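>>> build me a structure from this.
(chains A, B and C, ligands or ions: 1)
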Amino acid sequence: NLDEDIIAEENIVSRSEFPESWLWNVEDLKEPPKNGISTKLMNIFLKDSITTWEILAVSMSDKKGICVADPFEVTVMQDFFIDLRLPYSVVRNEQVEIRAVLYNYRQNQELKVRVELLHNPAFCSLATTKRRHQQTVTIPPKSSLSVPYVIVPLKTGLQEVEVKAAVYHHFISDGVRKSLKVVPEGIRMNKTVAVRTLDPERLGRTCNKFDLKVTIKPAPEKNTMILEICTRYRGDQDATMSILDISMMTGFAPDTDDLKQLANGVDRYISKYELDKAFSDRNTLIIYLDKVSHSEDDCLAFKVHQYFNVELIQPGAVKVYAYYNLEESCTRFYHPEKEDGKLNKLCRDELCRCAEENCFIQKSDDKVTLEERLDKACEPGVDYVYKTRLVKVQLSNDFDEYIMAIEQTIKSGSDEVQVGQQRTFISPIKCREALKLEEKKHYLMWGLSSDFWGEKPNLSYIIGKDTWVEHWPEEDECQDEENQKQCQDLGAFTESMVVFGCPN
Amino acid sequence: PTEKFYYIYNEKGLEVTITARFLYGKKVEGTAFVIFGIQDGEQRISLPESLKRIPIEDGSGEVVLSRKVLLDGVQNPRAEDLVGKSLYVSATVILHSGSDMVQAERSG
Amino acid sequence: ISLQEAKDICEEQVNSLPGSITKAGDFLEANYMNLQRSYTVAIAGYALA
Ligand SMILES: *[C@@H]1O[C@H](CO)[C@@H](O)[C@H](O)[C@H]1NC(C)=O
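Numbering: from 1, shown residues only, chains lettered A, B, ... in the order given. Find the structure here:
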């Protein structure tokens, strides 16, 4: 709500139609001829694709015969636009990268863009339903900028991607909306033990050319960190020119002078303009190499700076390949705390869902009364509201598991819960410490029917953006005069929830 | 290439003009990967020493293969066997975006 | 002589070699007569051979 002067994403008519060919038409020449020429004028529509449209035709009159024509050229474009560049054969359930190039052919006017990668439940992105992913950027006239976007194809087939870019103090917006093919792997055979109870209850009546070790480390003395790469080739003789595509964690830029220091470096070269590009939106870097070795580790490292402060940061990406071959490439993503730089998602036998939205419903608001408390408990969404005790804890890299001890079923929902039962609630590793959670403590909790992990009775629980959790002390831990106000609203919440039940 | 063929005594070696342009009608700013080779009927032989990494300037470019470099490669230095052999050129250009990539070729 | 012993061997992989042989032997023939000892006489005779 900072600035009021942009076109709402909700009103950004994207580019939609991108046929690789069309107008298979067949039209007849009824016009009264002049000069021995009937003339036809077919008013048509211009597809949402920016290219010169070549037009090829053939006149089949039975009297004179066939006749090819001089192809016709209709030159289509806008001053400022996008084109989106994707792969084709992507694999479901594997984090990938895309690049979006906005071109600006305005001769003298720079531009500031707020562009959103648009949310899609078929993809694990950074864009939740409610938490937008808007990046703000600036463009030199008669220049274009490369924007990376790393995602997870959660589903198969024809998936469309959309990105809507809107501008400030000016006119146009645009949007790309482009499909491609997603497909499955099928292995699910990673270091399985002989009987791991993977099976359900109710059924039944890759870098082959390249070594690539990338690690982003921190700096000694806004914030600057180290990027480290460590590369090799696997073959009999050393290999030809290899290329690196490197992209910046949201709002990052390298150290301009260390960049310069490295380019004079042996066996290396980065042209001047991608090397004296401006600090304003210097975001994607391409470094070409003379050759790469098959014999040992030749690493590199350099600095990165934080241009804009946002709490959450897209992983950086690094894609390396031989000059001749793109398709046998190797791609790594980095993030300092995320190992191998991969987004948090949640995975079972072949399904995954994106676990990257806010840890729990936002706390610390001025309003903590029964009035709002009940309102978020009287909503229909609330399937379950429990009060348990933090009994056990499995901590791990992926997620951190809190074993909860349900003694009472306050409001079961679509759940069949017995009394004195032990059930598994999850919280992502990015959230763990923000929760300030300790075992042996009681907790009164609630969520939705949609927020249940698994199927019965081998199920689990997930704390999401709208899950509400709060610790419950003992009787000997609420007698303090300071702790009155909490334990007051706890007693009155309970009883009026209990006696009245839900209203409906 | 300047002339459709390769002149055996052309001291210049070979000067090549790279034209790279967007489909919509605008010129491209970038950098190029140029590799050549020889084809003998169905038999093609790649020419590894000639690859040049070269910039692309406002939708225009020049590259030059000096005769000195050219002749160092050759296997059998000068013979009649060489005639009947044609040349093919593979071009890989990357935008300043680092994103889009095009494979191009002049053969024959 | 070490180079020319394995001639017709490194002709495919390295087409630089014949130059080093020729100009080294040229340096010999123009400046072979003006030696004193027989050792140098003998070896450089053979390489021109
Ligand atoms: C294989 O196991 C590693 C951990 O050992 C994990 O990172 C990776 O996701 C697994 N791959 C598949 C396809 O399950």
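>>> so residue B:72 is in which element?
Residue B:72 is part of helix B:67-73 when elements are defined by DSSP states H and E.
>>> show me where the chain has helices.
Unless you meant another one, I'm taking chain A. Secondary structure of chain A (DSSP state H): helices at A:256-263, A:272-275, A:370-378, A:484-500.
>>> my question was about chain C
In chain C, helices defined by DSSP H lie at C:2-5, C:17-30, C:38-48, listed in chain order.
>>> of those, give the one that comes closest to chain A.
Closest to chain A of the helices of chain C, according to C-beta to the nearest C-beta: helix C:17-30, at 20.3 Å. Bear in mind the C-beta positions are built from the backbone N, C-alpha and C, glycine included.
>>> between that closest one and helix C:38-48, how many degrees?
On the basis of axes from the mean of the first three to the mean of the last three C-alpha atoms, to 10 degrees, helix C:17-30 is oriented at 130 degrees to helix C:38-48.
>>> number of nearby residues for the residue lying closest to residue B:49 once chain neighbours are set aside?
Among residues not flanking residue B:49 along the chain, residue B:73 sits closest, at 4.8 Å (C-beta to C-beta, 6 or more residues apart in numbering or on different chains). Residues near residue B:73, counting by other C-beta atoms under 10 Å in any protein chain shown, number 12.
>>> picking up where we left off before, take the helices of chain A and write them to TSV, including distance to chain B and mean neighbour count.
Formatted as TSV, the helices of chain A follow (distance: least, C-beta to the nearest C-beta, whole Å; neighbours: other C-beta atoms under 10 Å in any protein chain shown):
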stretch	distance to chain B	mean neighbour count
helix A:256-263	13	14
helix A:272-275	6	14
helix A:370-378	45	14
helix A:484-500	54	13
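>>> element containing residue B:63, please.
strand B:62-65.
>>> in its sheet, what does that strand sit against?
Strand pairing for strand B:62-65, determined by DSSP bridges: strand B:14-17 (antiparallel).
>>> flag every buried residue along the longest strand along chain B.
If you go by DSSP state E, chain B has its longest strand at strand B:43-56. Using 16 or more other C-beta atoms under 10 Å in any protein chain shown as the test for burial, strand B:43-56 gives B:47, B:50-51, B:54, B:56.
>>> with only the CA atoms kept, save that strand in PDB.
This file holds the C-alpha atoms of strand B:43-56, laid out as PDB (Å, rounded to 0.1, in the frame of the first residue of the first chain):
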ATOM      1  CA  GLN B  43      31.800 -37.800 -44.400                       C
ATOM      2  CA  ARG B  44      32.100 -34.800 -42.100                       C
ATOM      3  CA  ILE B  45      35.200 -33.700 -40.200                       C
ATOM      4  CA  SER B  46      35.100 -31.200 -37.400                       C
ATOM      5  CA  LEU B  47      37.700 -28.400 -37.300                       C
ATOM      6  CA  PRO B  48      38.400 -27.800 -33.500                       C
ATOM      7  CA  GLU B  49      41.200 -25.200 -33.700                       C
ATOM      8  CA  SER B  50      39.100 -22.600 -35.400                       C
ATOM      9  CA  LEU B  51      36.400 -21.900 -32.800                       C
ATOM     10  CA  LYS B  52      36.300 -18.100 -32.000                       C
ATOM     11  CA  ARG B  53      34.400 -16.400 -29.200                       C
ATOM     12  CA  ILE B  54      33.200 -13.100 -30.500                       C
ATOM     13  CA  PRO B  55      31.000 -10.100 -29.700                       C
ATOM     14  CA  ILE B  56      27.900  -9.000 -31.500                       C
END
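>>> of all the helices of chain A, which one comes closest to chain C?
helix A:256-263 (30.6 Å).
>>> can you list the residues that contact the closest one?
A:268-270, A:275, A:279, A:300, A:302-303 (C-beta atoms under 8 Å, 6 or more residues apart in numbering or on different chains).
>>> quick one: residues contacting the residue nearest to residue A:217 when sequence neighbours are not counted.
Spatial nearest neighbour of residue A:217, excluding adjacent residues (C-beta to C-beta, 6+ apart): residue A:226 at 4.1 Å. Residue A:226 sits next to A:216-219, A:301-304 when contact means C-beta under 8 Å, 6+ apart.
>>> and if you look at residue B:12?
Residue B:12 neighbours (C-beta under 8 Å, 6+ apart): B:64, B:67.
>>> now swap in residue A:14 and tell me
Counting by C-beta under 8 Å, 6+ apart, residue A:14 touches A:48, A:162, A:164, A:174-177.
>>> any idea how far chain B is from it?
Distance, residue A:14 to chain B, using C-beta to the nearest C-beta, to the nearest Å: 18 Å.
>>> residues near residue A:400, how many?
By other C-beta under 10 Å, 19 other residues sit near residue A:400.
>>> for the residue positioned nearest the centre of chain B, which non-adjacent residue is spatially closest?
By C-alpha atoms, centre = their mean, chain B has its centre lying nearest to residue B:89, at 4.4 Å. Once flanking residues are discounted, residue B:89 sits nearest to residue B:106: 4.6 Å by C-beta to C-beta, 6+ apart.
>>> kindly report the same for residue B:34.
residue B:52 (5.0 Å).
>>> surely that neighbour is in contact with residue B:63?
Yes. Taking C-beta atoms under 8 Å as the definition, residue B:52 is a contact partner of residue B:63 at 6.1 Å.
>>> what sits in contact with each of these two?
In contact with both residue B:52 and residue B:63: residue B:34, using C-beta under 8 Å, 6+ apart.
>>> strand partners of the longest strand of chain B, parallel vs antiparallel please.
strand B:30-40 (antiparallel).
>>> pull out the buried residues from the strand it pairs with.
Buried residues in strand B:30-40 (16+ other C-beta under 10 Å): B:30-38.
>>> of those, which is the nearest to residue A:80?
Nearest to residue A:80 among those, counting by C-beta to C-beta, is residue B:30 at 20.0 Å.
>>> I'd say the closest one and residue B:18 touch.
No. Between residue B:30 and residue B:18 there is no contact under C-beta under 8 Å: 9.8 Å.
>>> please enumerate the shared neighbours of those two.
Common neighbours of residue B:30 and residue B:18 (criterion: C-beta under 8 Å, 6+ apart): B:56, B:93.
>>> what is the neighbour count of the residue of chain C found nearest chain A?
Relative to chain A, the nearest point of chain C is residue C:13 (12.0 Å; C-beta to the nearest C-beta). For residue C:13, the neighbour count with other C-beta under 10 Å is 8.
>>> and the helix or strand harbouring the residue nearest to the centre of chain B, what does it pack against?
Here residue B:89 sits within strand B:86-95, counting by DSSP H and E. Packing partners of strand B:86-95 (3 or more C-beta pairs under 8 Å, 6 or more residues apart in numbering or on different chains; DSSP states H and E): strand B:30-40, strand B:101-106.
>>> what's next to the longest one, contact-wise?
With contacts defined as C-beta under 8 Å, 6+ apart, strand B:30-40 is touched by A:241, A:271, A:288, A:323-324, B:16, B:18, B:20, B:44-47, B:50-56, B:61, B:63, B:65, B:84-96, B:107-108.
>>> hmm, 7 Å instead?
A:271, A:323, B:18, B:20, B:44-47, B:50-56, B:61, B:63, B:85-96 (C-beta atoms under 7 Å, 6 or more residues apart in numbering or on different chains).
>>> do the same with stretch A:452-469
Taking C-beta under 7 Å, 6+ apart as the rule, stretch A:452-469 contacts A:128, A:201, A:346, A:357-361, A:376, A:423-427, A:443, A:445-447, A:451.
>>> follow-up on the earlier one: just to check, the residue nearest to residue B:49 is in contact with residue B:46?
No. Applying C-beta atoms under 7 Å as the test, residue B:73 and residue B:46 come out as separate, 10.9 Å apart.
>>> specify the beta-bridge partners of residue A:230.
Residues in beta-bridge contact with residue A:230 (DSSP bridges): residue A:213, residue A:299.
>>> surely it meets residue A:300?
No. In this structure residue A:230 lies outside contact range of residue A:300 using C-beta under 7 Å: 8.2 Å.
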